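Just so it is clear, none of the values below were taken in a lab; they were calculated from the coordinates. Please note: Cβ atoms are built from the backbone with ideal geometry, for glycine as well, and neighbour counts cover all protein chains shown.
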RNA sequence: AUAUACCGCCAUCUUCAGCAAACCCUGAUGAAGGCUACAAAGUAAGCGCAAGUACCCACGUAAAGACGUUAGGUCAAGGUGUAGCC
Ligand SMILES: [Mg+2]
Ligand SMILES: [Mg+2]
Ligand SMILES: [Mg+2]
Ligand SMILES: [Mg+2]
Ligand SMILES: [Mg+2]
Ligand SMILES: [Zn+2]
């Protein structure tokens, strides 16, 4: 009957089943050809109640068919989503610049990239499996300063903004020998993860781990060799990357911890001894005790490469351009 | 553009002449040299120990005077720079004094139970725009349980410099201007509330002096 | 922005460095006074390690 | 859990109205009856059809004012006179609203044989009571 | 035909007191955790208890009882997804 008919909200509620349409119809159209002086006409001026013909109606009813279909083809569009480290994986996915604060304090230079997503679970008292999503981002604008923090919430979209708005408040200033690299070959361990990270000249490209590519492009470091061994757990890699990029001795510090001028020799150059840093203040008249072959406990994987005995079919690969 | 009264007293050294308000004789008779026993003597405080006379650690007052002059120099420049100044203490013996000290000067205090996250959740626990207190003075860096007070770790995090009266129990690593001294004896704190009040009351009237000088100019 | 790492450097080593990368659009007001009268110690956080072997405290006893 | 008229709280992003933010044991305490006729007294007749006259109008006006009928209707009756108080949206042009006032006030009046007298009230947005 | 697609109306724990968005901290920034009034990190809109309201009182019995638990129950109240018969 008539009273069995009902409103629209109780229709989609019953059909979508999220508990475990009306945009084109203007109020003046009717299926029978009809006009009224109130609406569907030149307003108040045709001023007579009159009807249409039949095949004119067959021209405007066919129009409604092409409007809905074109609007439905606009619903059926594949978004040109940027591929971060793979398809169907929130790897190096770029979010927008992070959100402005409650007074001002814009962050328009910064960029946020995801590092790892994880559908983490915990069996709770009532509900059972409580799925939360545990995301990890890194902030950085180039320019030597960066940071990273984690987000953990019950939804995908809400956990991202947690991690963005945290990491802009947790920043390091990663210093650089002029922009493209670091100061010395540094090798550390963050609880299990031996990371060897050595300084490289220009043009080398970021031949380093898939995370560390998409972190140093946010710091500005353009090329550096970084072999990570042991365990590769994405959060423990990044907290090992960030300390040894901060526990870092600039050339003005290497002087001022020792006095003496720091000289550098470039192989593509001659023996031209360019000073990079002199100490701010005194100068020591004692040259260094040049004890050769010192007890610097060097690695093993650098000697086999400097000897060139060993080999790997993935040792030197013609990979793409970062 | 009135940076000419702001750029001047950093080139000066001891612009307030705060060194006339304290001396090593005047410090000793406030018993600032006394400390706790030699069991709970903190490992980061052994630079600031004179020695252990009969299981009692005495503080180098020649090292306090080169700290107290550098500590009272800081708080005098900042009250001159109309900065906001707090006083955090949790001893319950001087909770009347360091509050009544703060009412005597023009600065603020917080002498009771620190609600967890008062500085780091400031824009929610207070209104959405709040001027953070750009100096913090500790008179007891310990709680009523002898743990470092929680504001020594939040003021480091919220990036505002803190001064303190660091004793033989506590950790001076996060206090940006340590003063090694006694704090649990009342004649210490009567002089300790004396020097941190005089140095900022002179700092207020010195600010009002120089501004009318360039306003008469 | 801010940087609330109380371990990776002191509050001067961050506030000098976050204004060298230019992320802070205005310096704090205490910043120039540390640039005028620095303390005798760099206030960085160090973990309190504990004496184990033949390594006592280098203090003396007053007699 | 009874689920009569209670909108469920799920997030703070559903704007609820004052008539919808009350559970149906509040019909005398914090609400009133949306309609008004003398049917359900004791003991008086003409209650049986006067609800069928009542449920028809709340299924009619929601059609002819589509997407712009903000809250529920107030269907009163004073003898051979019935007023319709009605809150609407300020989105449609007032040449079309007056056309609907003049059309419906002479349509149902010849249908139920009584002077129907619709009187409108405009609110621009939805009067949100709680953000659950 | 399918309550093992659902709305709609409910049963149960419920004669409960919890659930919670949003931020902050602690765990070397791991799953997570966040209690100490002579107080060591929590703050909290919002919901429910409570409080008000009905009945003969402020008592009482009603009414109320969130989020969830059992693919609880109902296509046979009505509507309706999918598949079917015409
Ligand atoms: Mg793919
Ligand atoms: Mg019940
Ligand atoms: Mg009952
Ligand atoms: Mg109740
Ligand atoms: Mg079942
Ligand atoms: Zn003490």
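Per DSSP helix of 4 or more residues, -39500 (n - 2.57); summed, then divided by the residues of chain A. What does that give at 222 nm, rounded to the nearest 500? Intermediate results must be reported in sequence, preceding the final value.
Working: 7 runs with 73 residues, N = 322.
It comes out at -6500 deg cm²/dmol, rounded to the nearest 500.
Mean residue ellipticity at 222 nm, helices only, chain D: -8000 deg cm²/dmol; runs of at least 4 DSSP H residues each add -39,500 (n - 2.57), and the sum is divided by the number of residues.
Between residue A:155 and residue A:1, the modelled labels are 4.2 nm apart [label points 7 Å from Cα along Cα→Cβ]. In terms of its C-alpha gyration tensor, region B:119-217 comes out oblate, because a/c is 1.5 or above while a/b does not outweigh b/c.
Decide, for region A:48-103, between rounded, prolate and oblate: order the square roots of the alpha carbon gyration tensor eigenvalues as a ≥ b ≥ c, take rounded if a/c falls under 1.5, and otherwise choose prolate if a/b is larger than b/c, else oblate. Numbers along the way, then the final one.
Numbers: a/c = 9.69, a/b = 2.43, b/c = 3.99.
Oblate, because a/c is 1.5 or more while a/b does not exceed b/c.
Rg ratio for region A:184-284: its Cα radius of gyration over 2.2 N^0.38 Å, N being its residue count, equals 1.27. The mean number of Cβ atoms from other chains found within 10 Å of a Cβ in peptide B:156-165 is 5, as a whole number. Only Cα pairs under 8 Å and 6+ residues apart enter the sum, and on that basis the relative contact order of chain B stands at 26 percent.
Contact order, relative form, for chain D: 31 percent (alpha carbon pairs under 8 Å, 6 or more residues apart, mean separation divided by residue count). Counted over the protein assembly as shown, the DSSP beta bridges are approximately 65% antiparallel. Under the shape rule built on the C-alpha gyration tensor, where the axes satisfy a ≥ b ≥ c, chain A is prolate, since a/c reaches at least 1.5 and a/b is greater than b/c. Mind putting together the pair-distance distribution for the protein assembly as shown? All Cα pairs, 10 Å bins, whole percent per bin, short to long. That works out to 2, 9, 15, 15, 15, 13, 10, 9, 7, 4, 1, 0, 0, in percent per bin.
Were the residues from residue A:266 through residue A:48 laid out at 0.36 nm apart, the gain over their Cα-Cα distance would be 69.2 nm.
Suppose only helical runs count, i.e. DSSP H with n ≥ 4. What mean residue ellipticity at 222 nm does that imply for chain B under -39500 (n - 2.57) per run, divided by all residues and rounded to the nearest 500 deg cm²/dmol? Working shown, then result.
Details: 6 runs with 75 residues, N = 217.
Result for chain B: -11000 deg cm²/dmol, rounded to the nearest 500.
A simple spin-label model places the labels of residue A:31 and residue A:67 1.7 nm from each other, with each point 7 Å out along Cα-to-Cβ. Once the C-beta distance of residue A:119 and residue C:36 is scaled by a Förster radius of 56 Å, the resulting FRET efficiency is 0.55 to the nearest 0.05.
Descending by average beta-carbon neighbour count within 10 Å, the peptides A:252-258, A:279-285, A:157-163, D:107-113 line up as A:157-163, A:252-258, D:107-113, A:279-285, the highest first. For region B:23-70, the percent of C-alpha pairs falling in each 10 Å distance bin, counted from 0 to the bin holding the largest distance, reads 26, 55, 19, 0.
Angle of helix B:186-216 to the longest C-alpha principal axis of chain B, folded into 0 to 90 degrees and rounded to 10: 10°.
Centroid-to-centroid, using Cα positions, chain C and region A:141-157 are 26 Å apart. With Cα atoms defining each centre, region D:13-83 and region B:140-165 are spaced 64 Å apart in the structure.
Quick check on packing: order C:33-42, D:29-38 by the mean number of other C-beta atoms within 10 Å, highest mean leading.
C:33-42, D:29-38
Dividing the Cα radius of gyration by the Kirkwood radius, what Rg/Rh value follows for chain D?
Details: Rg = 16.6 Å, Rh = 16.7 Å.
Rounded to two decimals, Rg/Rh equals 0.99.
At each listed q (0.21, 0.31 Å⁻¹), what is the log10 of I(q)/I(0) that the Debye formula gives for region B:1-45 modelled as equal alpha-carbon point scatterers? Reported log10 I(q)/I(0), two decimals: -0.81, -1.05. Based on the convex hull around the alpha carbon atoms, chain B presents an average projected area of 13.1 nm².
Distance between the C-alpha centres of region A:231-251 and region A:1-45: 61 Å, rounded to the whole angstrom.
Which whole number gives the average, over all residues in C:14-20, of C-beta atoms from other chains lying within 10 Å of the residue C-beta?
Numbers: counts 6, 2, 1, 8, 6, 1, 5.
The per-residue average across the peptide is 4.
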